[PDB]
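[1] pasting the first chains of the complex, positions unchanged:
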Amino acid sequence: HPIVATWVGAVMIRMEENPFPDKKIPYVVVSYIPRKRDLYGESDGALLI
Amino acid sequence: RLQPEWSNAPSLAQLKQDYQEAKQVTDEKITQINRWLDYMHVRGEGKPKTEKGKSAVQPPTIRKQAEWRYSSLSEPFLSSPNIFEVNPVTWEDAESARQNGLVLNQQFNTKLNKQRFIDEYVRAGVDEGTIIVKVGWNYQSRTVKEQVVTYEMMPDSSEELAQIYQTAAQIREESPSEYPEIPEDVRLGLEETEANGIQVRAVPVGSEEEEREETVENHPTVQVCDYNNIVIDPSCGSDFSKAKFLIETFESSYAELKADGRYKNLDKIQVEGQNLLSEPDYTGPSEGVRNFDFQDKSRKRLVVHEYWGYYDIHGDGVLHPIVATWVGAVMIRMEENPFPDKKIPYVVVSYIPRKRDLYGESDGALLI
Amino acid sequence: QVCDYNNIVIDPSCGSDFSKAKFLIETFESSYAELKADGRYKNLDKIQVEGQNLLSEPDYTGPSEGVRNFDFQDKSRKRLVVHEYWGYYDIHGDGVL
Amino acid sequence: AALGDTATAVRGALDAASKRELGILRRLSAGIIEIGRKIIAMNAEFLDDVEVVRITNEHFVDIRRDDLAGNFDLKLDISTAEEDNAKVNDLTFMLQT
C-alpha cells in the first residue's frame, strides 16, 4: 500500500497512507542526458575536463 | 502438475538443457558488443596503457559521432502531436478505423511515456546494433468496494418524471460517455420506463453488500530490454518468424508476483535463497547495486526465467505455442500462448543488417 | 525468399537465358515437424532423424560457424538437410520432356 | 563536401547525407509500425466496449472476428506535420473549387 512516514530525531511524527488523489510519490525526476538503465543523467560539461 | 491433460509436457530438465546450448552461441555476440561499448566510453580494454611520465589523454570520437545522430534520428517521431495514423482500406471501414486510431493514439500519449521509450529505442539501436522490444499487457484488480443500496419500485407517474426521462434518453443517445454519470435511481427508473409504463419511480430503500472488484489497471505495456538477459534460437537464420524459442531472465519480488494474478505454487519459493548471486542471473543496472537488498521477505529480489516457444505438448508431433515460467527450481507457470496472435510477444530490429543474422552492427564499429 | 548463393546449383549449359536451363537444385534445412505440417510429402516415417547431425560436405552452409554445433535433441525439432530438384525429364520413353 | 563555394554546390552534400539517413529512418519506422499493429490486436479483445466509449464518446463500432490486427481494413503509418498540412490544403482547395 502507498504510505508516508515522517520522523525527527528518534520520534515518529506522522504515519499515514498516501493522501494525494493519485496514489504515487509526489516527485518528478528528469534526466538531462540519458544513461543506460539509470535515473541520473550526465552534466553538460562532463567531457570537457 | 499444472497440466494433467498434456500427455508429453516439458520438464524443467529439458528447458534448462536447451538454455545451455544457446548461450554457447550468444556469448560470442555478447562479447563483441561489449568490446564495441568499451570504446565509446573509454573503459576497460579501451583505455590505453601509458607509461608514468607521459600523457594519457584520449579524445572520444565514437561518442562524438553518436551525439550528432541521436537527435536527427529521434526527431521524426516526436515532432508530431501523435505518432500513428490509421486510414481505411475500403469504404466499409472509416468507423472502426477512426475508433481504433483514436484509442491507440490516446494510449500512447497518456499511459506510456513514449519519451523515455523513443530515447532508449534510438540510443540502444545506435550504439548496440540491435533493438529488442517486449510487448505485454498489464491488468491489476481485486480492489473491492462495498455498500450497495436498494430501490423500491413505485407506480407514481407525473410530468417532471417524463421531462427528466426524456432528457436522460437524449443523453444516452448522443453522449454515451456521460450516461453512467447520471444518478443511479433516475437511470434505473429510466430503463423501467420502457420495461413497462411511465408509472415507474423507483423510491430508494437501502441495503449493504461487499462485491464488485474494480479494475485498477488495464492497459498495454512496452519495455525495451537489456541485451544480456535474452537468448534466442540461433538456427533461425535472420527471420525471427521461424525462431523456435526465446528465453528471458528478469528480476521481481514475491509481492509483485502475487499481485499479478497469473501464477501458482507461489508458496514454495523459499525467498531466503537466491540472494541475487548466480552466474546467468539478472545483470543489474550497475555493480554497486549487486550488494543492495530489502530483507523483508515481501520485497526481497528474485530472478525469474521465462521461455516462450513451440513444443510437442502431445505425442502427435505437432508444435503448439506455449509459455513456461520458473524461478529457482520451482515451475510457476505453464500455459499455451494467451495473446490473440499466437506468436512471441517480442520485436527485434537490426540497425545495420548482416548476412543471415538477427543481430546488427553498431554505428561506430569501424572507427576504432 | 531470397536465397543463399552457396546452396544453389544450376545447369551450366544454358548460356545466359535461364529460360533454357534444364535443372536447378537447392539444398535447405528443415525439421520433421515442419515437413509433417506442410502436407506435401510421403514416406515421412522412414527418415531416421537420428542420422545427419547436420554434418555433411555439400550440406546447408549455416548462418555462421558457431551455429554448426547447435541442435535440439527432441526428434521433432531436430535439424535436417533437404535437397530439391526442379527441371525437365523424359518421364515416359517418348523422348519428350 | 564543398562547405561553401556555390549555393548549388552545397545542396548536393546535404541531399546525399539525408538520402543515406533515410534508409535507417525507414527501418526504425517499420519496427514502430509492427509494435503498433501488435498493440491494436491486443486492444481488439482485452478491452471493453464501455471503456472504448468512455474515450471516443461515440457509439461502439462492432469488431470483425476474422482479423483483429487489421491486415484487411487498416493502413498504419507514421503521422507528420507536413502530411497534415498537405491534407488540410487539399481539403480547403477542393472544397472551395
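    Received, thanks. Residues are numbered from 1 along each chain as shown, chains lettered A, B, ... in the order given.
[2] in what helix or strand does whichever residue of chain D sits closest to chain A lie?
    Per CB to the nearest CB, residue D:28 is where chain D lies closest to chain A, at 17.3 Å. Placement of C-beta: from N, CA and C, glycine included. Taking DSSP states H and E as the definition, one finds residue D:28 inside helix D:7-46.
[3] so who does the residue of chain D closest to chain A touch?
    When contacts are counted by CB atoms under 8 Å, 6 or more residues apart in numbering or on different chains, residue D:28 touches B:73, B:121, B:122, B:125, B:349.
[4] mind running it again at 7 Å?
    B:125, B:349 (CB atoms under 7 Å, 6 or more residues apart in numbering or on different chains).
[5] can you give me the buried ones in the helix holding residue D:28?
    D:24-25, D:27-28, D:31-32, D:34-44, D:46 (16 or more other CB atoms under 10 Å in any protein chain shown).
[6] centre of the chain to that helix, how far?
    Distance, stretch centre to chain centre, for helix D:7-46: 10 Å (CA atoms, centre = their mean, to the nearest Å).
[7] skipping adjacent residues, who's closest to the residue in chain A positioned nearest to chain D in space?
    Per CB to the nearest CB, residue A:34 is where chain A lies closest to chain D, at 17.3 Å. Leaving out its chain neighbours, the residue that sits closest to residue A:34 by CB to CB, 6 or more residues apart in numbering or on different chains is residue B:119, at 5.5 Å.
[8] in three-state terms, label the one you found for me.
    helix (DSSP: H, G, I helix; E, B strand; the rest coil).
[9] ok, so what distance separates residue A:21 from chain C?
    Computed as CB to the nearest CB, to the nearest Å, the residue A:21 to chain C distance reads 53 Å.
[10] just residue D:89 next, same as before
    On the measure of CB to the nearest CB, residue D:89 and chain C end up 41 Å apart.
[11] burial of that residue, as a residue count?
    Number of residues near residue D:89 (other CB atoms under 10 Å in any protein chain shown) recorded here: 10.
[12] mind adding chain E? sequence follows:
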Amino acid sequence: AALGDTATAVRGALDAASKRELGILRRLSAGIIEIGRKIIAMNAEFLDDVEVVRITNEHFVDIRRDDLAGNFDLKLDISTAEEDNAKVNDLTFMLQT
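    Next up, chain E placed on what we already have:
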C-alpha cells in the same frame, strides 16, 4: 562551421545546432508537462467550487470522478506565441471565408 562564405553555407550549421538542442528541450518539456498534470490532479479535489468561481466568474463545471488528472479529456502542452499567432490567423481567415 563555415562562419560566413555563402548564405546557404551558414544556414546548415545553425540548423544542425538547433536540431541537436531540440531533444534536450523536449525532455525538459516532458518534465514540465508531468508537473502540470500532477497539479491539475491536486486541484481537482483539494480546491472548492466557490474558490474556482471567484477566479473564472463562470458557473462551476462539475467534475468527473473516474479520472482527476485528465488522461481522458485533456491534452496538455506548452504554449508559445507562434502557435497563438497561427491559431489567430486560422480563425480570422476561415471566418472571413
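[13] repeat for the buried residues of helix D:7-46, accounting for chain E.
    Those would be D:10, D:24-25, D:27-28, D:31-32, D:34-44, D:46, for helix D:7-46 by 16+ other CB under 10 Å.
[14] what parts of chain D come near chain E?
    D:3, D:4, D:7, D:10, D:14, D:54, D:55 (CB under 7 Å from any CB of the partner chain).
[15] and with 6 Å instead?
    D:3, D:4, D:7, D:10 (CB under 6 Å from any CB of the partner chain).
[16] now these as a markdown table including distance to residue D:73?
    Formatted as a markdown table, the residues of chain D next to chain E follow (distance: CB to CB, whole Å):
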| residue | distance to residue D:73 |
| --- | --- |
| D:3 | 50 |
| D:4 | 52 |
| D:7 | 48 |
| D:10 | 46 |
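[17] quick check, nearest of those to chain B?
    Out of the residues of chain D next to chain E, the member with the shortest distance to chain B (by CB to the nearest CB) is residue D:3, at 15.6 Å.
[18] what about residue D:71, neighbour count?
    Neighbour tally, residue D:71, other CB under 10 Å: 13.
[19] what about it, distance to residue B:90?
    13 Å (CB to CB, to the nearest Å).
[20] same question for residue D:12.
    Taking CB to CB, one finds residue D:12 at 43 Å from residue B:90.
[21] repeat that for residue D:91.
    Residue D:91 is 21 Å from residue B:90, by CB to CB.
[22] likewise residue D:75?
    In terms of CB to CB, residue D:75 sits 11 Å off from residue B:90.
[23] compare those two (neighbour count), which wins?
    The neighbour comparison of residue D:75 against residue B:90 (other CB under 10 Å) goes to residue D:75, with 12 against 8.
[24] and that one, which of the three is it?
    Residue D:75 - assigned by three-state DSSP - is strand.
[25] enumerate every residue touching it.
    By CB atoms under 6 Å, 6 or more residues apart in numbering or on different chains, residue D:75 lies in contact with residue B:87.
[26] how many other residues sit next to residue D:67?
    Neighbour tally, residue D:67, other CB under 10 Å: 13.
[27] next, name the residue at the spatial heart of chain A.
    residue A:27 (5.4 Å; CA atoms, centre = their mean).
[28] as chain F, please add this:
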Amino acid sequence: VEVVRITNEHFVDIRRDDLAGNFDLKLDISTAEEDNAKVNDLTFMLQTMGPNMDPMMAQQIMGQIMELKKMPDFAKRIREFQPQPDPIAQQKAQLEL
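    Chain F, in position alongside the others:
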C-alpha cells in the same frame, strides 16, 4: 469469397486462357510523382473538358480523385450520387402554354 472479403465488390470472373495477364494487364512500379501527374491531369481535364453530356462520367472522375486522395467513403458517395432536378419545369410548361 476470400477476394470479396478484401475488395468488398462483386467477384469478377476469371479468364481461363491466360492467368498471368499478358493479354489484359500492364504491370509497373508505382511512384509518387506519377501519382501526382495522374491527379493533376484528372483535375485539369475535368475543370476544362467541355459541355459534354453524361455527367455520370464527371462523377466517376471526381470519385477517382477522392479515392486517389484516400477518402473512399466520399468517393463511393459521390460516384453513386444521383442528381435530382427541381420543380422549375413548371416554368417551361407554362411559358409553352
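[29] re-run the earlier check on the buried residues of helix D:7-46 with chain F in the model.
    Result for helix D:7-46 [16+ other CB under 10 Å]: buried residues D:10, D:24-25, D:27-28, D:31-32, D:34-44, D:46.
[30] give me the contact list for the helix or strand just after it.
    The helix or strand immediately downstream of helix D:7-46 is helix D:49-56, counting by DSSP H and E. Helix D:49-56 is contacted by residues B:99, B:102, B:103, B:106, B:176, B:177, D:60 when judged by CB under 6 Å, 6+ apart.
[31] cool, and stretch F:38-58?
    Counting by CB under 6 Å, 6+ apart, F:61, F:65, F:68 sit against stretch F:38-58.
[32] look up the closest residue to the last one, ignoring the ones flanking it.
    The one in question is residue F:68. In space, residue F:68 is closest to residue F:39, 5.7 Å off (CB to CB, 6+ apart).
[33] which positions within the helix or strand harbouring that neighbour qualify as buried?
    Using DSSP H and E, residue F:39 falls within helix F:32-47. Within helix F:32-47, the residues scored as buried using 16+ other CB under 10 Å are residue F:43.
[34] now do residue D:96: how many residues are near it, please.
    Quick note: residue D:96 (other CB under 10 Å) scores 7 neighbours.
[35] measure it to chain F for me?
    Taken as CB to the nearest CB, the span from residue D:96 to chain F is 13 Å.
[36] kindly report the same for residue A:8.
    66 Å.
[37] beta partners of that residue?
    On DSSP bridges, the residues paired with residue A:8 through beta bridges are residue A:11.
[38] would stretch F:75-82 count as contacting chain D?
    No - using CB under 6 Å from any CB, stretch F:75-82 stays clear of chain D, with a minimum separation of 11.5 Å.
[39] buried set for that stretch?
    Result for stretch F:75-82 [16+ other CB under 10 Å]: buried residues F:75, F:76, F:78, F:79.
[40] which two in those residues are spaced the farthest apart?
    Put simply, by CB to CB the two of these set farthest apart are F:76 and F:78, 7.4 Å from each other.
[41] single out the residue in chain F that lies closest to chain A.
    residue F:32 (36.2 Å).
[42] what is the neighbour count of residue F:58?
    Residue F:58 has 14 nearby residues by other CB under 10 Å.
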